[PDB]
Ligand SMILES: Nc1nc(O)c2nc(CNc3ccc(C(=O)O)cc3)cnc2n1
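Take a look at this single chain, the form solved without ligand PT1, given in structure tokens.
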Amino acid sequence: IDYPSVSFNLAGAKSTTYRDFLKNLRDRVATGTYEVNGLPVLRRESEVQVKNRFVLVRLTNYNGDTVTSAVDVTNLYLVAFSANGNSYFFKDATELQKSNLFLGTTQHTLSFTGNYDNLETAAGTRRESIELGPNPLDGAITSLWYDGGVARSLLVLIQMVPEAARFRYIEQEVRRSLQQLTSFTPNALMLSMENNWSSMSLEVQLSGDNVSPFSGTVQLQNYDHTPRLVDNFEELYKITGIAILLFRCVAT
């Protein structure tokens, strides 16, 4: 199926051109009226057809060489990506994505799932040192285009798009990155909220709509690595700048 897609060319790209891109990417995966406090809640396997099961992301590198990675509308996960008659799928790869994504290219699966821990272990490094930004993005798309697509470059993308798609904090972190044309490395906070998507997810659905207090607490992390426990929604938003909620439970 000709799944919808968005584009973002690093060349002649400004901060606003990036912000708008993520916005469009959100307007797709973020549909349905199941939302709380305004923030939408990504659908689930049952309430979603294959015809709209996946979305395609188009990223054009400096040299024009553009690579595309399809995200899962049910979690903003990077399902796969293609490059010049070539397609790749993590060690998992379901027949759903293997028989509906980039049909026509070589379907050679990699050897590691899209799990953050999996990628890091394959790249021999961790997110806390895989600097992201304008140039880092270029090397990412490029590497995935020629080298066939390694783990490192992959991690560079995930945090740059889906991650910045749910967390506006990473958004401005990147918007400022291209603005000053400088790179940067993920801090303890960005990484903290990066691992508490599912946690804060139900922690917001638990309280319910138009509710501030949380039934529990979110284990965030400050720069000094110290624990930052957020008990209210207003706090979670004013810090993580979340804008996308993953399904965990339904209203009561």
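Residue positions are given as counts along the sequence shown, with the first one as 1.
The next section is about a form of this same protein that is not shown, the form deposited with ligand PT1 bound.
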Open item on the list: How about residue 34 - does it come within 4.5 Å of ligand PT1 in the deposited complex, if we only consider non-hydrogen atoms?
Closed with: no
Open item on the list: Taking any heavy atom pair closer than or equal to 4.5 Å as contact, tell me whether residue 114 reaches ligand PT1 in the deposited complex.
Closed with: yes
Open item on the list: At 4.5 Å between heavy atoms, is residue 65 in contact with ligand PT1 in the deposited complex?
Closed with: no
Open item on the list: With a cut-off of 4.5 Å between heavy atoms, is residue 246 one of the residues that contacts ligand PT1 in the deposited complex?
Closed with: yes
Task: Option touching ligand PT1, based on a heavy atom within 4.5 Å in the deposited complex, out of 78, 101, 73, 130 - done: 78
Open item on the list: Give me the residue from 210, 198, 222, 215 that has a heavy atom within 4.5 Å of ligand PT1 in the deposited complex.
Closed with: 198
Open item on the list: Can you tell me which of 103 to 111, 154 to 162, 134 to 142, 81 to 89 lies within 4.5 Å of ligand PT1 in the deposited complex, counting heavy atoms only?
Closed with: 154 to 162
- [ ] Check each residue of 206 to 240 against ligand PT1 in the deposited complex and list those with a heavy atom within 4.5 Å, in sequence order.
- [x] none
